[PDB]
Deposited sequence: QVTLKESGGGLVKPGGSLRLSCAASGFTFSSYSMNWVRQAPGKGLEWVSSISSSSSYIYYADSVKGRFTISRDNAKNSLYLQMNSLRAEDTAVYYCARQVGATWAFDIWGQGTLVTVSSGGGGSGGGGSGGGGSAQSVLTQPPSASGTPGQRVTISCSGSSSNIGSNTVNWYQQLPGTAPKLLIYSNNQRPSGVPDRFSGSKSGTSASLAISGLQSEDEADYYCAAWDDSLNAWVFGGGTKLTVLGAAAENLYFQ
């Protein structure tokens, strides 16, 4: 059983500190880059930070630089996020996600841990709709340093669930993703196509890519898909 489980979430005062942990099970943790991705209640996914297998390469989103510190202890199969100088805008569910070495897709995600303290570079249309059996298309717009230079990944987030890898390397499906889902990339744009819409496809969809200028992962704002 390959899993991740986040811990340490809770209520904190602005200016306060909190340390998150993520426990990895069923895999060789020391051979993977790991990431933190957060989600403010009712808002899109926001990438936070990433750390390579031997901690040699660390990256932070602009919104957390100087305040958050990522670390890992491979002997304890553990990923950490030390958050200092917490702000109201840091309120979110924090997800731990394993990165695939060959593709950079986030294939395993934890359930998340809620942190309560009391703009996206890729763009997507906020909504999409269709009737069962119809074909729907969701676009993801980027630029030269991200989609124009790097592959695109798509994540599906069903209501009340953690995101799941849907598409990687622009158009590849992981095992367990039906062939009704497909992806394409052209220039600085990408698109997710869902053929023969099904009731269970009602979800939020996010595209993501590495950005060479920002030295950060950039997630799209998300598209809420309704099946009428």
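J.: Can you list the gaps, in order, where the deposited sequence has no modelled residues?
T.: Unobserved in coordinates, per deposited numbering: 119-135, 246-255.
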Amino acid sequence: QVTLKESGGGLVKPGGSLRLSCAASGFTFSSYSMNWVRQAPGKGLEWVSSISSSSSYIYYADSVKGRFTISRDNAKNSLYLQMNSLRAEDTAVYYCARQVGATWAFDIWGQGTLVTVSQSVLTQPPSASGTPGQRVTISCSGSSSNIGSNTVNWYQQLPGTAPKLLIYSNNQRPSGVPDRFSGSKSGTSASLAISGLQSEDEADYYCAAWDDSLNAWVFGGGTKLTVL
From here on, numbers count along this sequence of modelled residues.
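J.: Residue 149: absent from a third or more of the other PDB entries compared?
T.: It is not, since residue 149 is included in all of the other entries that model both flanking stretches.
J.: Among the other entries of this protein that were compared (only those with both neighbours built), does residue 119 lack coordinates in at least a third?
T.: Yes; at least one third of the other entries leave residue 119 out.
J.: Look over 121-129 and 71-79 in the entry and identify the one with the greater average Cα temperature factor.
T.: Looking at the record's C-alpha B-factors, the answer is 121-129.
J.: Output the stretch having the higher mean C-alpha B factor in the entry; the candidates are 156-164 and 49-57.
T.: Per the deposited B-factors, the answer is 156-164.
J.: Using the temperature factors in the entry, find which of 65, 180, 38, 173 has the highest value at its Cα atom.
T.: Max CA B-factor in the entry, restricted to 65, 180, 38, 173: 180.
J.: Identify, among 33, 198, 28, 169, the residue whose C-alpha carries the highest B-factor in the deposited PDB entry.
T.: Going by the entry's C-alpha B-factors, 198 comes out highest.
J.: Please place residue 140 in the lowest, middle or highest third of its chain according to the CA B-factor in the PDB entry.
T.: It belongs to the middle third of the chain when residues are ordered by C-alpha B-factor.
J.: Comparing against every modelled residue in the chain, figure out the third that the C-alpha B-factor of residue 105 lands in (lowest, middle or highest).
T.: It belongs to the lowest third of the chain when residues are ordered by C-alpha B-factor.
J.: Which third, lowest, middle or highest, does the C-alpha temperature factor of residue 11 belong to within its own chain?
T.: Highest third of the chain for residue 11's C-alpha B-factor.
J.: Split into thirds by Cα B-factor across the chain's modelled residues, where does residue 92 land: lowest, middle or highest?
T.: Tercile = middle for this residue's CA B-factor.
J.: Going by the CA temperature factor in the PDB record, which third of the chain does residue 151 belong to: lowest, middle or highest?
T.: CA B-factor rank for residue 151: lowest third.
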